[PDB]
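A.B. asks: I'd like to ask you about the structure that follows.
Protein chains: 2
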Amino acid sequence: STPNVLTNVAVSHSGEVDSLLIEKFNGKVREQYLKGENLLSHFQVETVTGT
Amino acid sequence: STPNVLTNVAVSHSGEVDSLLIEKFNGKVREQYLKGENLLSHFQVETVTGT
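Protein sequences, first through last, are from chains A and B.
Just so we're aligned, residue 434 is where the first sequence starts under our numbering, counting upward by one.
Just so we're aligned, residue 434 is where the second sequence starts under our numbering, counting upward by one.
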């Protein structure tokens with residue numbers, strides 16, 4: 434009626450590891466969304482080197 | 434001067450039934466509508482095989 438003995442391949446015979454699957458990676462990495470305001474452009478900014 | 438006793442095939446002299454008509458079907462059936470939202474289209478399905 435029912436098989437009841439499945440030839441499952443994802444189960445390790447020894448039992449050391451939970452699963453034999455490899456956990457594929459989709460190729461996406463995320464950082465924050467912060468963006469530069471660029472606010473110093475308005476002001477006059479001189480460079481001081483000697484003093 | 435009048436047809437007093439009309440012959441009628443829709444009446445049962447013996448009784449036990451109101452009428453003798455056939456109750457035709459006309460071939461129409463109704464079911465629920467359930468418009469498909471298709472809301473999953475916004476997201477990438479990212480099919481998985483093997484792992």
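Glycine residues also receive a C-beta, built at the ideal position from the N, C-alpha and C atoms.
DSSP on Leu453(A), reduced to helix/strand/coil?
C.D. replies: Counting from 1 along the first sequence, the entry for residue 453(A) is found at position 20. In this structure, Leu453(A) counts as coil in the three-state DSSP scheme.
A.B. asks: Please confirm if the segment 434-452 of chain A is in contact with the segment 447-467 of chain B, defined as three or more CB-CB distances below 8 Å between the two stretches.
C.D. replies: Cβ pair count under 8 Å is below three, so no.
A.B. asks: Does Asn459(A) come within less than 8 Å of chain B when only Cβ atoms are used?
C.D. replies: On the first sequence, residue 459(A) is found 26 positions in, with the first residue counted as 1. Chain B contact via Cβ: present.
A.B. asks: Compare the C-beta of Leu454(A) against all C-beta atoms of chain B and say whether one is closer than 8 Å.
C.D. replies: Indexing the first sequence from 1 puts residue 454(A) at position 21. Yes, contact with chain B.
A.B. asks: Are the C-beta of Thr484(B) and some C-beta of chain A separated by less than 8 Å?
C.D. replies: As a working note, residue 484(B) is residue 51 in the second sequence. It does; some Cβ of chain A falls within 8 Å.
A.B. asks: Pick from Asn441(A), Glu456(A), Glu449(A): whose alpha carbon is nearest that of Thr480(B)?
C.D. replies: Counting from 1 along the second sequence, the entry for residue 480(B) is found at position 47. With distances taken between Cα atoms, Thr480(B) lies closest to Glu456(A).
A.B. asks: For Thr440(A) and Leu454(A), what's the separation of their Cα atoms in angstroms?
C.D. replies: Residue mapping note: residue 440(A) aligns to position 7 of the first sequence, counting from 1. Residue mapping note: residue 454(A) aligns to position 21 of the first sequence, counting from 1. Their Cα atoms are separated by approximately 15 Å.
A.B. asks: Looking at chain A, is there any beta carbon in it that lies within less than 8 Å of the beta carbon of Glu470(B)?
C.D. replies: Here residue 470(B) refers to the residue found at position 37 when the second sequence is read from its first residue. With 8 Å as the cut-off, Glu470(B) does not count as an interface residue toward chain A.
A.B. asks: Return the CA-CA distance between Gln465(A) and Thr482(A), expressed in angstroms with no decimal places.
C.D. replies: Within the first sequence, residue 465(A) is the residue found at index 32, counting from 1. Within the first sequence, residue 482(A) is the residue found at index 49, counting from 1. About 36 Å.
A.B. asks: Helix, strand or coil for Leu473(B) per DSSP?
C.D. replies: Here residue 473(B) refers to the residue found at position 40 when the second sequence is read from its first residue. Three-state result, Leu473(B): helix.
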